[PDB]
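Accompanying notes for the structure given below.
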Amino acid sequence: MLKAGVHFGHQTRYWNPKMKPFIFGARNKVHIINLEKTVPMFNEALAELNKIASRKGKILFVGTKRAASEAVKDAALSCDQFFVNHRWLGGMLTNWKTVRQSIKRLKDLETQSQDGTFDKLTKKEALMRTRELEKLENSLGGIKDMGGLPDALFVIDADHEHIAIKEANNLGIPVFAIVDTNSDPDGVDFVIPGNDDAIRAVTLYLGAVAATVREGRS
Amino acid sequence: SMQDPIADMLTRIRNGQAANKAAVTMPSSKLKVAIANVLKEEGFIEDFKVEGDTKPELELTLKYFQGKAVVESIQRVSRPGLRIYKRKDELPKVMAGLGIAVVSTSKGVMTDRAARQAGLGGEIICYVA
Amino acid sequence: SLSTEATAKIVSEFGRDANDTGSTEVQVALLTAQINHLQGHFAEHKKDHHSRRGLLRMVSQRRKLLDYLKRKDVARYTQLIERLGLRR
RNA sequence: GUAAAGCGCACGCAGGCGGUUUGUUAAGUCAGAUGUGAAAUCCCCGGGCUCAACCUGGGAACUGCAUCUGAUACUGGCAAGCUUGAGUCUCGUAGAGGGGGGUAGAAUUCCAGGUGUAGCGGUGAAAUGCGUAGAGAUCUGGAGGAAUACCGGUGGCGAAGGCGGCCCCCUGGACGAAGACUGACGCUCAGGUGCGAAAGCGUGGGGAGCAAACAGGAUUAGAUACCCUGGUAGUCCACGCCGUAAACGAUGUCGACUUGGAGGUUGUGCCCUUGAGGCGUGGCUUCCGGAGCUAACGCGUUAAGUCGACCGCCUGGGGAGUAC
Ligand SMILES: [Mg+2]
Ligand SMILES: [Mg+2]
Ligand SMILES: [Mg+2]
Ligand SMILES: [Mg+2]
Ligand SMILES: [Mg+2]
Ligand SMILES: [Mg+2]
Ligand SMILES: [Mg+2]
Ligand SMILES: [Mg+2]
Ligand SMILES: [Mg+2]
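The listed protein sequences derive, respectively, from chains AB, AH and AO. Counting along the first sequence from 1, when you hit position 4 you're at 11 in the authors' numbering, and nothing is skipped either side. Counting along the second sequence from 1, when you hit position 124 you're at 124 in the authors' numbering, and nothing is skipped either side. Counting along the third sequence from 1, when you hit position 64 you're at 65 in the authors' numbering, and nothing is skipped either side.
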């Protein structure tokens, strides 16, 4: 397991005949991710990544999952990276042209209450909109500054962020996901057989890829 | 029942190729072999073996290429209860040539092209594209 | 349908060796057994159609076995029929 | 599968198809040659009418049949086997499978008697009806017929239709276990033969309950109905007949492949079996669903997916499954 010997396998017995080629056993009534053959996908997943990362490539990081969120919000903050850990909308990729605009408000309204342009007019007015920003930074505050379409994307577990891969593969965006047992490794052209959660597991691989990303650009 | 042995091999092949499988098992026979040979000598299968001395099997290895299987299509032709025999100037051309037509001649069971040039016709077998 | 001794008995009487019940002879004989004997269970009841249906099986199965013999060997056939007066 | 279309289901003659090895034959098969396939059409190249239509030289072709000479993979014949198909033996397991004969209890109806006295029954209300000749209720005894609560279930069995108390007799199939044996004896099947819910028919029994018909009472504008009170065939039995049904999974039989999940029923191997229990490995069977299929709904290893042997059937709707 190289070092990732802190998650091994997961997903009781629901599994998926597709993720089959990525199991060692099923002890304790649950398949065991063959980390012995995961090592390739492990460190290598970052290989093809650093390449596009060096070109200042726009790499996204999805993961709405409650546990991942708090950790993913920092993952992409490694430098020139973007994150999306709050319910992947249905268009922030395939129909960006629209959502990309909704972001504007987020900007201004933010910089507004951010500087001096906020405590003006009536209080009720501001008070009512002093929240809108928040909700916006959740589903955009992380993928906002993104200029246009991301060079690629890296999502935690396929199943959950199903829509993420869908809208992507439609545009032709590389799929860097960590599919395990239940997960479906078909939407991900970059198979990464590994747990779909576990704080100790996610974090380990979260900042993991970031390496080749930050180490990629010169 | 197994009134048609040949068909079994053909079908067992495409079916496996679809489910993405290394090789395929099945009791071999004199003809099943010669036919399987051509499938190899022509580029459709890695290799093949015949385990069991008393009861012969057939470790027919399936071949693939990119994100798809090599055997794009294979159907039976001279099926039983409806045999098919063609002359030297009758032998068809599978997929305008990009395919193969296994034919059994009095000189052996080779491909259409080979049998055709040899100047002899024979009972067709299948049209492995 | 039949009995241990009843069966085993007719077996040896037609088996060149032992435990060779597969023998065509043993079969033809073993078949006719419940056959020429079930006649009673059918001479009466009559309405017992379900069990009747099966009666035919051991009759037909026996039929094919005989026709087979006539093809795989004339003698055995023309010699076996007599021991049971079969084929009239 | 639902659009037209799977015989209601079995057995099986003819016919069609036939697991595997060797040898042999050389019939089908293929190669060659030889006859012959009239000429004219057609076609190719080329000629001749000023071109063309038209005419014409030569060749190609005439899909074919016959004979001869080979070739032998494949189909067939034949000879010898071979065991995985099929089957026989052994031992067990499960079962509302079938025919026969008994039998048990609950209830209904009717009869007789006691106690008892003004109702009961039924409805949306009502009425018809049963009650002072004493009902109803309740108790005691008796007669008779039909059906078998609970178990009982996504359950089980059967070819289909279908099959439920218990007991016995006679009997058909299915499944596992490890072997023993026969050695392709197989798969399908026009016609044919047989089985076939219910109703219906005949003869003769039986007849409690239910109930077409029929009679009353209501309802209604009418009510040849729905509701009520009665009630005949029939329903039950034996023997014979009639062959139909949404005889439905609306999906023919047989064999081989093809990701998975959960549950039921019944069998068996191994296991601290110590133990309920763990690991398997068969038959049948529910529901969910992937690939793919599908016009969609949906089907999905019990396929409507991928294939092979055989059969049945469809060809617009109405007329008409009628007429003859
Ligand atoms: Mg209709
Ligand atoms: Mg129809
Ligand atoms: Mg049917
Ligand atoms: Mg001519
Ligand atoms: Mg031969
Ligand atoms: Mg009747
Ligand atoms: Mg009658
Ligand atoms: Mg059944
Ligand atoms: Mg389904």
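The beta-carbon is built from N, C-alpha and C at its ideal position, and this holds for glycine as well.
- Listed in chain order, the beta strand (DSSP E) elements of length 3 or more contained wholly in the segment 119–204 of chain AB are 159–162, 182–184.
- Judged by pairs of C-beta atoms under 8 Å, the segment 29–42 of chain AH touches the segment 104–116 of chain AH, as three or more such pairs exist.
- Comparing alpha carbon positions, the residue from AB:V162, AB:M153, AB:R136, AB:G98 closest to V186 of chain AB is AB:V162.
- For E45 of chain AO, no beta strand (DSSP E) run applies, since DSSP gives it neither H nor E.
- In the structure shown, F49 of chain AB falls within a helical segment according to DSSP collapsed to helix, strand and coil.
- Residue environment for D152 of chain AB: exposed (fewer than 16 other C-beta atoms within 10 angstroms of its C-beta).
- With fewer than 16 other Cβ atoms inside 10 Å of its own Cβ, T19 of chain AB counts as exposed.
- In the three-state reduction of the DSSP assignment, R76 of chain AH falls in the strand class, which pools E and B.
- Taking every protein chain shown into account, the CB of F89 of chain AB has 16 or more other CB atoms within 10 angstroms, so this residue is buried.
- Taking the Cα positions, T11 of chain AH is about 37 Å away from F183 of chain AB.
- Ranked by Cα distance from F29 of chain AB, the first of AB:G12, AB:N35, AB:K36, AB:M48 is AB:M48.
- Two segments are said to touch when three or more pairs of C-beta atoms, one from each, lie closer than 8 Å; by this definition the segment 119–132 of chain AB does not touch the segment 50–68 of chain AB.
- DSSP places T105 of chain AH in no alpha helix (DSSP H) but in the uninterrupted beta strand (DSSP E) bounded by 102–105.
- When DSSP assignments are scanned along the segment 28–79 of chain AB, the uninterrupted stretches of beta strand (DSSP E) that are 3 or more residues long and fall wholly within it turn out to be 66–69.
- Its Cα nearest to that of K63 of chain AH, the residue AH:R14 stands out among AH:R14, AH:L120, AH:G121, AH:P5.
- Here the C-alpha atom of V195 of chain AB lies approximately 28 Å from the C-alpha atom of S225 of chain AB.
- Sequence-distant partners of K32 of chain AH (beyond 5 residues in either direction) whose C-beta falls short of 8 Å from its own C-beta, in its chain, are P5, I6, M9, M26, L58.
- Judged by their CB atoms, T8 of chain AO and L31 of chain AO are nearer to each other than the 8 Å cut-off.
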